[PDB]
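Chemist: Chains as they are written, first to last, in this note's numbering: chain A, 149 to 356; chain B, 870 to 982; chain C, 158 to 364; chain D, 494 to 702; chain E, -5 to 371; chain F, 9 to 385; chain G, 1178 to 1555; chain H, 112 to 188. Heads up, the beta-carbon is just placed ideally off N, CA and C, and yes, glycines get one too.
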Amino acid sequence: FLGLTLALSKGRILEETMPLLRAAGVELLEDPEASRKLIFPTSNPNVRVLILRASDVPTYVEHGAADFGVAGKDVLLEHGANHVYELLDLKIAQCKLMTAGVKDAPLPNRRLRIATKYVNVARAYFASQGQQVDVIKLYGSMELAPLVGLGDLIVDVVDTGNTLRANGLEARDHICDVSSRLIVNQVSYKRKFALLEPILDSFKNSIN
Amino acid sequence: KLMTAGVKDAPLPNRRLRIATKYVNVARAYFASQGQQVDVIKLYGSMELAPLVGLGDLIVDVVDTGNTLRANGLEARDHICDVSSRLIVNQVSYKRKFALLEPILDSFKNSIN
Amino acid sequence: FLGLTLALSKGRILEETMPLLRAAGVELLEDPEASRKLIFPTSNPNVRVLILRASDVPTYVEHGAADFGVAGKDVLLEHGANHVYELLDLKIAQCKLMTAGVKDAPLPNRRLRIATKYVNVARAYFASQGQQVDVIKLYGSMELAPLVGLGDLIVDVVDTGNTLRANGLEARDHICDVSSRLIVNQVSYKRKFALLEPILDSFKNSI
Amino acid sequence: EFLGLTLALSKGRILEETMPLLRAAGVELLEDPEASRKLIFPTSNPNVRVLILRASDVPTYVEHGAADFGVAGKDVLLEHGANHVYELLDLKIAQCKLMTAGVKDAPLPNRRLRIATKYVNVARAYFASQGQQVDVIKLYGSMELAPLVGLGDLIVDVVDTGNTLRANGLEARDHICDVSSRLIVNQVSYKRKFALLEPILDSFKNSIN
Amino acid sequence: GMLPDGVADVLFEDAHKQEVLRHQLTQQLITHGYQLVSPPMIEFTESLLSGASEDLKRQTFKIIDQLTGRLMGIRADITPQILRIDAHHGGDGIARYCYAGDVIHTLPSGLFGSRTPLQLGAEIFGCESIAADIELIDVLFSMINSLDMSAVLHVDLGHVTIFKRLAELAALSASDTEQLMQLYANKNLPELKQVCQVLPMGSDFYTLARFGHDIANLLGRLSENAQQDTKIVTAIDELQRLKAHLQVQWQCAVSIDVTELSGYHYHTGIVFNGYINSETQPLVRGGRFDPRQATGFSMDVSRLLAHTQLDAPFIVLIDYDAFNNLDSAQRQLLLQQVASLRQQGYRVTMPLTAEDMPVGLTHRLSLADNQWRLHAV
Amino acid sequence: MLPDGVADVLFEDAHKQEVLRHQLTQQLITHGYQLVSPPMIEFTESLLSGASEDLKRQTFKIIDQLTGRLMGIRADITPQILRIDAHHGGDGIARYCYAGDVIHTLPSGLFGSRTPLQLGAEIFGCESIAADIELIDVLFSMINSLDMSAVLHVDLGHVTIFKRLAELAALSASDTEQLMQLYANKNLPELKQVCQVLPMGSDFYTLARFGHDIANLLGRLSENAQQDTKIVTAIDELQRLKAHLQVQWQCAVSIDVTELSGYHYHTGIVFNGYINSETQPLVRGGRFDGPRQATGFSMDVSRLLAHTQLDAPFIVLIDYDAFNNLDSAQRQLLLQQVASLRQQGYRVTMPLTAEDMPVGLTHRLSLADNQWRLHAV
Amino acid sequence: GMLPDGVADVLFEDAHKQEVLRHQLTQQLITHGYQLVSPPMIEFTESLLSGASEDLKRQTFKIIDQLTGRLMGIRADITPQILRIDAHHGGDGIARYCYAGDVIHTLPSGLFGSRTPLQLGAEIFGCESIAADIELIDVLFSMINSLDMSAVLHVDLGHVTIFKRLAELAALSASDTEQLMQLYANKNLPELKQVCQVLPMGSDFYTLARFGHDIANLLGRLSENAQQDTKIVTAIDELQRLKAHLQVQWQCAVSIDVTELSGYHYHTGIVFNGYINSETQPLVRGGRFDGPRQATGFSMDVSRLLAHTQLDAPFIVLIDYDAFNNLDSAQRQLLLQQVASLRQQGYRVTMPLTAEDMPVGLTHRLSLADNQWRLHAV
Amino acid sequence: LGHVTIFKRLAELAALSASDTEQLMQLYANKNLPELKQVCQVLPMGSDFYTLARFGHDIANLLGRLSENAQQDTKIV
Ligand SMILES: [Cl-]
Ligand SMILES: [Cl-]
Ligand SMILES: [Cl-]
Ligand SMILES: [Cl-]
Ligand SMILES: [Cl-]
Ligand SMILES: [Cl-]
Ligand SMILES: [Cl-]
Ligand SMILES: [Cl-]
Ligand SMILES: [Cl-]
Ligand SMILES: [Cl-]
Ligand SMILES: [Cl-]
Ligand SMILES: [Cl-]
Ligand SMILES: [Cl-]
Ligand SMILES: [Cl-]
Ligand SMILES: [Sr+2]
Ligand SMILES: [Sr+2]
Ligand SMILES: [Sr+2]
Ligand SMILES: [Sr+2]
Ligand SMILES: [Sr+2]
Ligand SMILES: [Sr+2]
Ligand SMILES: [Sr+2]
Ligand SMILES: [Sr+2]
């Protein structure tokens, strides 16, 4: 395959990205949800897409198995974005990385336990606040952790906060703002700019 | 069972093999016990895609029937080890709450025989 | 002993230093040459002297077994003078460090062999000339080495050069100028300056 | 120019005790070295000349081939390293022994001991074999003074009678090893010039009994 | 011997003495208002060697944290850790810290030195005044005096500001600064004289080495441009105050060397070096350092061992046979008596066998007429 | 900022750590144990001589720049005690104690320390169970001196029992490993299965099922097991220690003869002291190898900090203005008074300025009615 | 000094010559059926120093792998790496390996010797027969002969088995073995004679030093207990076969020294030492060693051949700057074709960047005269 | 192809600190355009530094997109 391979995150990112893709001439030919398929062709025959778990997007892109991708800045911060180019803030799927604890429970004045997917972000953040922590890696959902004492706080992405409140939790501290970004493989940017440029101009235009 | 898996009838490249897997530690351990050097790539999601777009040469995954592998143009290669579900217990809870645990453990033990 | 211990070199340095000592109030009570004695008292009861091989002077001084000493700059350069203070050029026993070879024998085009006491000086010098060498440490006299092919050159101190010519050798390159120096232990300079100062002023004036 | 054997001899006492062995092998000096401003000495055998060196330079001249063979104390050989020469004969002359020595009845300090010595490598080796840590200070000249002005706690030196130690308020402490003069030979000279060496070595061997 | 160069066991009575010294000196500092901190032996090099000199970097062993792949160091000096601690905990006002802990060096720092010193120190942060340096001197000398040594401490004062201002005003290159520093370290007066003839303000640099010891007249020997620099004037004034304080208050022999420029990197002003008798390496090193003021000192506790003495210990052995003949109630009373002896600092061994013999035995606890009593051996 | 398993101990915690280290060290010394303070680094030749694979992985490696040879930072002090006893201890009984920092490459337990302050005691050269009883006495005397509310639970094991059964039943390496794994996991069902097809498999099952009841363990074992002297002696040792701990010290004791951690280094009886319900033992001890007998224990002093309390400190500030208004003779009297307070352990700060404020201030020393006195804040 | 002791640049024609030697000698080995392997300069000490002598350990620089915290070495010898490689890849049958690579030593052997030799070697695994040692000799001598040196290689054969069997049969202590070995190393016959009067079978140990060179009669001078040891008999037989083979097949000067016991640790039988002219340190060291796997091999420092080998003078050519820039495009293309041809034949042709651009050691100009580019010497 | 002179001349002409040079270099290495845009709004000649990352690939027109001070630097040209 001599064209571009585009890595997309599952779920909400896919919904909000479809418009940008259609504007750049790259609509999916079929629905991914009702498909037992891994590599998807598009209306442009030089572009195919991969539908990945969000945390795998930077991995596929930096290793060149996809030439470019759409990934949350939360994922990029947690992963490390040293081996890709973060070309565009797509200003979609806005949310923010936050600490969160039990509703109206005060912070204990001891070493905190953080239970989170975002282990590196968590370490970095609590370091910048000069605070010592014990971090516990979780792969799944995090809202349960404080409720059974696994950790005192969690680090998670929060939009509305409805999920937190529905589980007796509340956002505490704001870590940073998060949105989806267009990342590009370093080699693909050099070797395949001619294929990328129109699509990047279209995305840039679709944002304003 | 935990198995290595690759593209159907694709030959081993002469260079250092790339493993794309959830099971990073198992992968390192296994290929170490075969005296083989590997480059491991951590994946969090589904793994069947990785060999098909060249992310890695092989994957390590749990396989039952293997229908998922064949349906994606992949084939099981090596058997790593057998896998089944286990009952694990917290060390402190085993000491502090044995009275609550024992009947439940006896029932599970009996349900297996 | 609460006074100053002064380390002196054996032969020529001792002759040329005696005047400076007498002027600063520190004459020996007796002749060292005709004496089976190691620590010598002086006319000043706060000063005693040690008569050492020249290469041991910096050793006794830096370790504080002598508070100050007279040593050739050749010795100091070879030894390392990092742990002592070189206070005074006494302008005595002037000579110079030189390379030397067989008379009118040309330098071979291959890697040179240096046979010398002054191993560190030799390495440093030939390094500064961008020249590669094989150095051979000698403890005794060096004039013989080129005559039996042990090395191509020697590094040695030369005054007149009479010893070189008498053995069919000639001075070749000038490395640096050498004279005797007054060295002082770092701690002794701080703790015992009151005892040292007059003696150092007298030496400075005697020069 | 010179196709014969070059023999390296140590200056003082070794020279006295070696002259007999040389005369028996046909290699007397033509003149007195003490009253001579001369570096290479011819002998009654025209295939042999001698060099009169400081003792510590004997192994150096021999291993580098500037002398084909030499007479050196085992103290010198141990200190220098004798890896590049052949120690062919114990000449059983200039017997003495390597010893530690300290101030008379001075007790060992509780801290790490300081050794002031010519024999730096021997000193390190010896105190290592006794499982003891030391700080060694190299001296080139006489060593008897060092303990008396606190340069070191002990010295390592060759001791025969011990008169020099006692006369300076020092006493022998430990025996390190026995020392005598040895005949050393250059590796290449042993292979290339055995025919010249053999009679002289047989004569030395016989002179020892 | 089995151990590396510059690495030594401290055993038996020496270890006991080291423990007493460390504890007493620590307690003294605590009672003068210094907060004890005990940072760890290892940190990530990011923190440990933040703004470290090239020397401190070479002195610090590197090791790899297998949990992160990152570089850690084993501390060669505690002071940077005190900086880290004061940044997070100290605020803007005055703060006092003390410490005592092992540090490790890659190489011995001078001839025959230790690579495993037990570093004890005190530091005052957040005070600009020379009064903080004077308090530290008073604390140090109070500590030294508590040790009842016959060995005497000589103090050498320097002040890095003087040479740094001269280096500024004369606009010296890196090369020329290095060369003067090397020459100063060696007090090589002849070669310094030569180099100074061809340097800008070279007369002043020569004066530092030749007449720096005479601090009463140093200002008046300096050039006009030097004499009109306030920092140079203040520095020389600080030296004169400390010198006077040490002589008046403590009867201390003080020498001055304004060319003492070890730790040109970390020192920012006055420096102190305390020498014990005629030992080459200073027992005590101290100075001003580094938007926060700081001054402090440190020492190797282990170097005090040779100059300090404790009373003979009382080492007691209970008689084996007599003890095993006791009934249970007699044993309990003896043990109560032994506990009391131990509370008073007697070292009491309860023998496992008839041959069980404590090292350095001084007394037996023996049974006569239904009574246990001590008698010397 | 700091690596995982690496922590500052600061302020009152550091003070408390210093008190604990000092008191516990002194207690050991008064029981006849010789204090030794080996260095943090040695050549791996000595440091890792006869080390387990685990100890090797736990030990950081560094290079001695003076010799090119490999050194380690100690992860455990016991091998250094072996080294020390070989050179200094002779053939008789010898007692050693120690307290020093050790470093581990990886934490042992979830969020556990890689920089423990390891304190211990060891008895060499005594075959008798009496040496293990003396150690228990020393340990419990120390624990009791701490006035904790936390309770120490003791678990006793004895590796000899399983090792003799493994010998007598001629088990393979494979089968030994499998039983050990099954014991570690308390997997009774799979153990029962594996034991039906093993020689003397009945005895291996009995260890896991009835090992806790040490009074009857011998009588449940097979005839071949019951006639093994080593098995009999081991069970006898367990019964003596258990009784001694309960009688003399009112200790809760559990027995687990399937406890086989350190199968490598342990050669007999083993002790594990747990504090409340903490997963990792506070104290680990037991018999090991010096042909020289050895037994001992060690603990991380830093883990005592959470369970120990000191009295509130008195932190005193002298009034700045009042002090500077004093004449010389008034100052000398105040300083005498301050010295006295400091001797009693009051932490007295002499202020540098009017704003100089000690952390945690509790009292001012103030001037009222021609008299200096403490008043709370 | 600019560079450390025992560390030297190899520059210019010497470097060219080193490259030719390395390449030719490697190719020769490959054409004799030896498989080339190129192991890395660094390994974990677990593998690199597995069963290493104390000497090899001291010779090996240590470094730390920052990825694992574990200890690595820079190789001082390639043979242990060949063992590692043969364990994984070689099977139970015969396997042949060759190699050429840099090794580093902490200290020189020999006064002013190299610490950075370019170690080239060949090894045969899995053959018990003396035939494997004979094949290696053939390979080695074919290589030596291809070099067209005037320097002569002298071969010294030893065999450690002989002294080891005598040491066993006479039940010598560690102390006594060390003392005999020291005395052998120094050829100290008088003190050896003394020590041997008071040792069991001491007569045989003396005979090794005094009559070991005469291998035809060594067996018959030995004691009855020695003569009835099969290993002693076989060893002496092996020496006689190699000696004969070297003299007959290769016209080699062979000396025998059964007291040659360097590498008592690693050698397990026959040993070979090749000396170039009268150089003290052997150019070639070889002999039997351990892989239960048989192994024999040799190695040499290629850099020590540089002083004894010669290449033809090179042709170093400069194209004339002015003439070239005066050419039209089609004339340039023809010249470049001619230059390409010269380069294919091994002429070193510089295309000048400027009129002053001057190759070092210039021998010819390629110049324009009539309608023709031609070489003319300078 | 690249050319370090261009950024070094811009860093000179804009008189950048060590800190600011390091930050731009880190951002360039990552081709982080959003954060670079932010940092460049508050830097002297920051427009030129942004242009390098955004339009450096089009070398035919790079000179004409640069500032007047940049365009008059001979080394840049
Ligand atoms: Cl598909
Ligand atoms: Cl939400
Ligand atoms: Cl919320
Ligand atoms: Cl399946
Ligand atoms: Cl399949
Ligand atoms: Cl001349
Ligand atoms: Cl005596
Ligand atoms: Cl002694
Ligand atoms: Cl000690
Ligand atoms: Cl009575
Ligand atoms: Cl009061
Ligand atoms: Cl050699
Ligand atoms: Cl085989
Ligand atoms: Cl043509
Ligand atoms: Sr410090
Ligand atoms: Sr006092
Ligand atoms: Sr232990
Ligand atoms: Sr209590
Ligand atoms: Sr009062
Ligand atoms: Sr080899
Ligand atoms: Sr030929
Ligand atoms: Sr902005």
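So what does DSSP say about residue 290 of chain F, is it helix, strand or coil?
Modeler: Three-state result, residue 290 of chain F: coil.
Chemist: Taking Cβ to Cβ, would you say residue 254 of chain C is nearer than 8 Å to residue 335 of chain C?
Modeler: Yes, these two residues count as a Cβ contact at 8 Å.
Chemist: With three or more beta-carbon pairs closer than 8 Å as the criterion, would you say the region 1529 to 1538 of chain G touches the region 117 to 137 of chain H?
Modeler: No: the two stretches stay apart, fewer than three of their Cβ pairs being nearer than 8 Å.
Chemist: Taking 7 Å as the cut-off, is the beta-carbon of residue 86 of chain F closer than that to any non-hydrogen atom of ligand 17?
Modeler: Yes, ligand 17 has a heavy atom inside 7 Å of this Cβ.
Chemist: Which residue wins for smallest C-alpha separation from residue 377 of chain F, given the options F/330, F/353 and F/347?
Modeler: For residue 377 of chain F, the nearest C-alpha among the options comes from F/330.
Chemist: Give, in chain order, every unbroken run of the beta strand (DSSP E) that is at least 3 residues long and sits entirely within the region 275 to 328 of chain A.
Modeler: Runs found: 281 to 285, 301 to 306 and 317 to 326.
Chemist: Excluding five sequence neighbours on each side, which residues of the same chain lie with their C-beta closer than 6 Å to the C-beta of residue 337 of chain C?
Modeler: Excluding positions up to five away in sequence, the list reads 170, 227, 229, 247, 249 and 250.
Chemist: Quick check on residue 1557 of chain G - is its C-beta less than 8 Å from some C-beta in chain C?
Modeler: In this structure chain G extends from 1178 to 1555, so residue 1557 of chain G is not present and cannot be described.
Chemist: Whose Cβ in chain A lies nearer than 8 Å to the Cβ of residue 941 of chain B?
Modeler: What residue 941 of chain B touches in chain A: 186.
Chemist: Mind checking which residues open and close the beta strand (DSSP E) that includes residue 69 of chain F?
Modeler: Unbroken beta strand (DSSP E) run through residue 69 of chain F: 69 to 71.
Chemist: Quick one: Cα of residue 110 of chain F to Cα of residue 306 of chain F, how far?
Modeler: So the two alpha carbons sit approximately 12 Å from each other.
Chemist: Compare the beta carbon distance of residue 143 of chain F and residue 293 of chain F with 8 Å and say whether it is the shorter of the two.
Modeler: Against a cut-off of 8 Å, the Cβ pair of residue 293 of chain F and residue 143 of chain F comes out as a contact.
Chemist: Which residue comes first and which comes last in the alpha helix (DSSP H) that contains residue 232 of chain E?
Modeler: 224 to 244 is the extent of the alpha helix (DSSP H) around residue 232 of chain E.
Chemist: Under 8 Å, do residue 260 of chain A and residue 279 of chain A count as touching if we go by C-beta distance?
Modeler: Yes.
Chemist: Which bits of chain E does residue 621 of chain D rub up against, with CB to CB less than 7 Å?
Modeler: Within 7 Å Cβ-Cβ: -5.
Chemist: Please identify, using Cβ separations under 7 Å, the residues of the region 266 to 296 of chain F that lie next to chain B, in order along the chain.
Modeler: Cβ contacts with chain B come from 285 and 287.
Chemist: For the region 174 to 183 of chain E against the region 303 to 310 of chain E, do three or more pairs of beta-carbon atoms, one drawn from each stretch, fall closer than 8 Å, so that the two count as touching?
Modeler: No, the region 174 to 183 of chain E does not touch the region 303 to 310 of chain E.
Chemist: Name the residues in the region 327 to 344 of chain A whose C-beta lies less than 9 Å from a C-beta of chain H; which are they?
Modeler: Of all residues in the region 327 to 344 of chain A, 329, 332, 334, 337, 338 and 341 have a Cβ within less than 9 Å of some Cβ in chain H.
Chemist: Mind pulling the beta strand (DSSP E) runs of 3 or more residues that sit fully within the region 1310 to 1390 of chain G?
Modeler: Complete beta strand (DSSP E) runs here, min 3: 1330 to 1336.
Chemist: Hey, is the region 270 to 277 of chain E in contact with the region 144 to 151 of chain E, meaning 3+ C-beta pairs nearer than 8 Å?
Modeler: The region 270 to 277 of chain E is in contact with the region 144 to 151 of chain E.
Chemist: Taking the alpha carbon of residue 1260 of chain G as the point to measure from, which residue in G/1215, G/1241, G/1240 and G/1293 has its own alpha carbon closest?
Modeler: When only C-alpha atoms are compared, the closest one is G/1215.
Chemist: Alpha carbons only, please: which of E/246, E/189 and E/7 is nearest the one belonging to residue 40 of chain F?
Modeler: Residue 40 of chain F has its Cα closest to that of E/7, out of E/246, E/189 and E/7.
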